Structure formats: structure tokens, C-alpha cells
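Participant: pasting the first bit of my complex, frame unchanged:
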Amino acid sequence: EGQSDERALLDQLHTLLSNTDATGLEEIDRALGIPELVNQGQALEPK
């Protein structure tokens, strides 16, 4: 796209959605295997 308003609204939205945590976000994370993706090192990958 032209990542301008798309960038700025993506940035604030991923900031909300990862602001530390949220009490049902634990399920949303395990529903996406994220606590396993941690030990896989996915946080450290450029993709």
C-alpha cells in the first residue's frame, strides 16, 4: 500500500494489541501457538 495512514493506524493498533497484555489475550496467544513460537525464537526472526 502507501504505508502512511495504514502505517500510523497499524502502529497504534499493534501497540494496543501488544501494550504488555490483556486478561483474555492469553487465550488469543495460545490459540495462535504464540507461547510455543517464543521457544521457536519467532520474535527474533525478520519474518
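Facilitator: Received the coordinates, thanks. Numbers count the residues shown, from 1 in each chain, chains lettered A, B, ... in the order given.
Participant: since we're on residue A:25, how many residues are nearby?
Facilitator: 14 (other C-beta atoms under 10 Å). Quick note: C-beta positions are derived from backbone N, CA and C, even for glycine.
Participant: roughly how far apart are it and residue A:16?
Facilitator: 11 Å (C-beta to C-beta, to the nearest Å).
Participant: What helix or strand is residue A:39 located in?
Facilitator: Taking DSSP states H and E as the criterion, residue A:39 maps to helix A:34-40.
Participant: And the helices in chain A, which stretches?
Facilitator: Here chain A has its helices, by DSSP state H, at A:5-16, A:25-30, A:34-40.
Participant: Chain B comes next; put it on the structure above:
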Amino acid sequence: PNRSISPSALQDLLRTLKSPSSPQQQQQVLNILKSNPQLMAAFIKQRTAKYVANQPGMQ
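Facilitator: So that you can see how it sits with the rest, here is chain B on the chains above:
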């Protein structure tokens, strides 16, 4: 939701977590999450990043 892919979720995924994940505990996050694929990947990335910054084990 075409130029920017999330400009609707800018209201609804935003209010889906601005209204806390207690009454918002369900997959209603996950159902709006999927709409902007870069937001979904940025969520998964920064979710994983927040975790390795808390509980890395070996990563």
C-alpha cells in the same frame, strides 16, 4: 478497508481491546485481528517479542 486495511478495525478492534479483555475475553479479538494481515503478523511478532522480553527460556 482497502488503502488502509484496518480503518474499520481502527474503531472495532481498538474498542475490542480498549474495552478490556474481560468482557472482551473471547475470539472477537481474533475475528477482527485477521482483517489487516500486517496487523495480525505485527500482533503475533510483538506478542512473541513481549514474551521473550519476559520469559525467553533460551530465545
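Participant: The neighbour count of residue A:25 again please, this time with chain B.
Facilitator: Taking other C-beta atoms under 10 Å in any protein chain shown as the criterion, the count of residues near residue A:25 is 23.
Participant: Helix or strand: which one has the residue lying closest to it once chain neighbours are set aside?
Facilitator: The shortest distance from residue A:25 to any non-neighbouring residue, by C-beta to C-beta, 6 or more residues apart in numbering or on different chains, is to residue B:21 (5.4 Å). Using DSSP H and E, residue B:21 sits in no helix or strand.
Participant: can you pull the contacts of the residue of chain B found nearest chain A?
Facilitator: Scanning chain B for the residue nearest chain A gives residue B:25, at 3.0 Å (criterion: C-beta to the nearest C-beta). The contact partners of residue B:25, by C-beta atoms under 8 Å, 6 or more residues apart in numbering or on different chains, come to A:23, A:24, A:27.
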